[PDB]
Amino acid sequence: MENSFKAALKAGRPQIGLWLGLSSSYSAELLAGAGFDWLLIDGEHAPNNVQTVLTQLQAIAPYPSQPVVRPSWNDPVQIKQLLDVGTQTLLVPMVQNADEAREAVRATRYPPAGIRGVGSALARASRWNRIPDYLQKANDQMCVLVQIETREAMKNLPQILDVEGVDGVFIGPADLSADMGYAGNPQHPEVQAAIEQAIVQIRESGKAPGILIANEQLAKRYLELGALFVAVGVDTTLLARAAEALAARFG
């Protein structure tokens, strides 16, 4: 049950990802064989729940691509449920300060290091108690990634980076640009500057910078600055744009 995504980040190996919002175990398997290092199962902005996350994890399992799950918010109860169905890497939205980052971390760890509720007999996480000493091994294989999405979060970045258990910090350009006054449009120089400065700062602390960016030139720019988990497209977008282009070429 070693977390290979977590190990790759710690070793400074950049991980190229794809965002999954189609909310389907079928398309999830199809995309799990496409060659990405990681796949983001979005429980915040796509119609997913614990049950559909579970089936997407099952679909993805035999492939090399590693699953990352985003809960709808920094909720210890939801986090608990996602962990028990087998989630090991979390992308937690709207983390505003060090306290909230710490809460996210503690929600993924069994006491005394955290408040994770025990239910291994019932959980896919322990393979229903087949994994020996699961309760002792689980904490170390949890990978917690926190999203900074506001000016407030940006101010607090230094303290957030000081939180043990925070393995990565993800910058969401859409929410960030909106909070900065550019209505979801990240292209503006002020937004780009904040993003790139944060990436440098995150990597400087030894933690992993992450971002979602569909512009491939910007993706490489972010990678060059030291970003370690970079999602470079979204399944819904890839499908819609390719279908639209195709239709247009035939009038």
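Position 1 is the first residue in the sequence shown; the rest follow in order.
Per the record, averaged over C-alpha atoms, which has the higher B-factor: 40-48 or 194-202?
Higher mean C-alpha B-factor in the PDB entry: 194-202.
Average Cα temperature factor in the PDB entry - higher stretch of 84-92, 130-138
Taking the mean B-factor of the alpha carbons in each, 130-138 is higher.
If I read the C-alpha B-factors straight from the PDB entry, which of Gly117, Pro71, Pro76, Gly168 is highest?
It is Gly117.
Would the CA B-factor of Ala123 place it in the lowest, middle or highest third of its chain?
Middle third.
Considering only modelled residues of the same chain, in which third does the CA B-factor of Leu145 rank: lowest, middle or highest?
Answer is lowest: the recorded C-alpha B-factor places it there.
Third assignment of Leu239 from its chain's C-alpha B-factors
Its C-alpha B-factor belongs to the lowest third of this chain's values.
Thinking about Cα B factors across the chain, which third does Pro209 belong to?
Its C-alpha B-factor, which the entry lists for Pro209, ranks in the middle third among residues of this chain.
Chain-wide C-alpha B factor ranking for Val232, given as lowest, middle or highest third:
As the PDB entry reports it, the C-alpha B-factor of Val232 lands in the middle third of its chain.
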